[PDB]
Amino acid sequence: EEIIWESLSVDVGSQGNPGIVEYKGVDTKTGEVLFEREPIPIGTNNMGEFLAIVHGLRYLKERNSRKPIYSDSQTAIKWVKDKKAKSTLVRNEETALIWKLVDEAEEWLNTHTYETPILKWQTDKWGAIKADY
């Protein structure tokens, strides 16, 4: 019910789905952009949302921050929780990059620890997530 302003918010920006995917993380309070991923030619919205959360986890861990992460992606939150991105995107030559990033994200997750709460941003009550494009 309460927005934890002392947090990191992430979100994906896409052009087509499957289509070009990029993502960024911002300070929920100030909107300051803390990180951005170079656009990936082909990927799905959910894969980008997943990557955004995992990158967020790595970003906070490297800085010893215990701040939670907000994502408005039901799918990505579950994937991170299970440490498994159950994407249906075909694995082929043009989806090689997004899949490599997804695979490496899962890999990091299974080899590192964190207590970072991953919270659902309630868009229907609070409006667009702060990392929205």
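Note that residue numbering begins at 1 and tracks the sequence as displayed.
Checked against the record, the higher mean CA B factor of 22-30 and 45-53 lies with 22-30.
Mean C-alpha B-factor is higher over 86-94 than over the other stretch, the pair under comparison being 58-66 and 86-94. Sort the modelled residues of the chain by CA B factor and residue 9 lands in the lowest third. When the modelled residues of the chain are ordered by C-alpha B-factor, residue 15 sits in the highest third. Residue 123 sits in the highest third of its chain by CA B factor, as recorded in the PDB entry. Residue 116: CA B factor in the lowest third of modelled residues in this chain (values from the PDB entry).
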